[PDB]
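As structure tokens, the structure follows; a few thoughts come after it.
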Ligand SMILES: *[C@@H]1O[C@H](CO)[C@@H](O[C@@H]2O[C@H](CO)[C@@H](O)[C@H](O)[C@H]2NC(C)=O)[C@H](O)[C@H]1NC(C)=O
Ligand SMILES: *[C@@H]1O[C@H](CO)[C@@H](O[C@@H]2O[C@H](CO)[C@@H](O)[C@H](O)[C@H]2NC(C)=O)[C@H](O)[C@H]1NC(C)=O
Ligand SMILES: *[C@@H]1O[C@H](CO)[C@@H](O)[C@H](O)[C@H]1NC(C)=O
Ligand SMILES: *[C@@H]1O[C@H](CO)[C@@H](O)[C@H](O)[C@H]1NC(C)=O
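Numbering (PDB author numbering), first residue to last: 15 to 302.
Below is the structure:
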């Protein structure tokens, strides 16, 4: 259970489909993976020791993507899918460009980040939305942070052209609710992978994003004043045979040594707390 409202409680079984897939690759940041750009600041032809919310070198990712057709498992909405959100998380999300009847699409899972997922708290929801404008497929990314009455079994659905045996249903507030924040963000539907930093500090939530390269740019920030404790990558139901990936590794507060081209491109990094070599390599930045 995520919310605590028995919504459209049909086509649900208790089927064990296993546990989120572990990546064969670990976090290695030795040229950018897991780093972000500084908001309203651009460094050229220089290194820079920097504290921040970075993923842990040697840590694996987990594929939190859940793909359904009609049936949802009750086990999909518990640990280990309903996961702890501490400092933050880093996401490598695949843009599933399923090709059907000539046209190419752009599906990937929604993620909700909250405390209790009840209308008494706020919950962040980062949901993709696709639509055609004269047969050209457009990418949106509907961010919203609201006092949602979340369902026990929240799921999104794919584009209706790919076929759906379920209606989209994650919250039941067809009555208009109190929201701290909501705006849409366009993304390039021709992107191989989308990357996200989601972290919190002193009651403020932070989001970084990129649909080009792996190094994320700043997206938005929002003062909650509360402390976020959980994330859930929602199952996406579809008739078409999509191949979903939402790869997540957690963030902790760490010092990194970053490096920039003359064109301001972060091209190299050192996980400074990973290694006795790395520690030595950073601390030696004070005038020798
Ligand atoms: C806030 O959420 C709670 C549950 O988290 C809702 O309570 C349910 O209300 C319906 C009436 O429509 C009852 O049939 C259920 O038994 C209630 N459930 C529980 C667990 O109490 C409540 O309606 C929501 N209210 C608003 C305004 O969003
Ligand atoms: C984000 O874009 C979507 C594009 O559909 C907007 O959602 C629709 O808003 C209209 C109101 O003009 C409603 O009639 C539709 O029911 C909405 N559709 C969906 C799928 O939610 C939305 O307005 C945009 N959000 C923001 C914050 O601008
Ligand atoms: C309720 O859910 C079932 C299966 O998920 C679906 O067939 C039906 O159309 C849904 N209807 C409404 C109004 O939610
Ligand atoms: C970059 O900085 C170095 C010194 O570390 C300097 O010699 C060089 O002129 C600079 N190159 C560019 C491309 O800015």
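Just so it is clear, CB atoms sit at the ideal spot from N, CA and C, and this is done for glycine as well.
Starting from residue i, follow the beta strand (DSSP E) in both directions and report where the run begins and ends.
i: residue 75; result: 74–77
i: residue 269; result: 260–274
i: residue 234; result: 231–237
i: residue 247; result: 244–247
i: residue 128; result: 125–128
Going by DSSP, what residues sit across from residue i in a beta bridge?
i: residue 215; result: 218
i: residue 146; result: 151
i: residue 90; result: Looking at the DSSP assignment, residue 90 forms no beta bridge with any residue, so it has no partner.
i: residue 285; result: 270
i: residue 117; result: 114
i: residue 250; result: 81 and 170
i: residue 280; result: 274
i: residue 223; result: 210 and 231
Looking at the secondary structure, which residues open and close the alpha helix (DSSP H) in which residue i lies?
i: residue 293; result: 290–297
Can the beta-carbon of residue i be found closer than 8 angstroms to that of residue j?
i: residue 68; j: residue 268; result: yes
i: residue 163; j: residue 133; result: yes
i: residue 252; j: residue 108; result: no
i: residue 213; j: residue 265; result: yes
i: residue 74; j: residue 263; result: yes
i: residue 34; j: residue 98; result: no
i: residue 77; j: residue 293; result: no
i: residue 47; j: residue 232; result: no
i: residue 199; j: residue 155; result: yes
i: residue 89; j: residue 30; result: yes
i: residue 201; j: residue 128; result: no
i: residue 42; j: residue 71; result: yes
i: residue 50; j: residue 230; result: yes
i: residue 184; j: residue 168; result: yes
i: residue 246; j: residue 103; result: no
i: residue 270; j: residue 285; result: yes
i: residue 151; j: residue 120; result: yes
i: residue 273; j: residue 61; result: yes
i: residue 217; j: residue 240; result: yes
i: residue 181; j: residue 250; result: no
i: residue 179; j: residue 83; result: yes
i: residue 19; j: residue 186; result: yes
i: residue 299; j: residue 64; result: no
Assuming residue i contacts residue j (C-beta within less than 8 angstroms), just tell me the rounded distance between them.
i: residue 136; j: residue 165; result: Actually they are not in contact, since the Cβ atoms of residue 136 and residue 165 sit about 17 angstroms apart, beyond 8 angstroms.
i: residue 126; j: residue 118; result: Not quite, the Cβ-Cβ distance comes to about 27 angstroms (not below 8 angstroms), so this is no contact.
i: residue 158; j: residue 196; result: 4 angstroms
i: residue 254; j: residue 149; result: Not a contact, Cβ separation roughly 19 angstroms.
i: residue 123; j: residue 295; result: Actually they do not touch by this definition, with Cβ atoms about 38 angstroms apart.
i: residue 210; j: residue 105; result: 4 angstroms
i: residue 194; j: residue 236; result: 6 angstroms
Go through the stretch 133–208 residue by residue and report every complete run of the beta strand (DSSP E) that reaches 3 residues or more, in order. 137–147, 150–160, 164–171, 183–185 and 193–197
Mind pulling the alpha helix (DSSP H) runs of 4 or more residues that sit fully within the stretch 23–108? Runs of the alpha helix (DSSP H) inside the stretch 23–108: none found.
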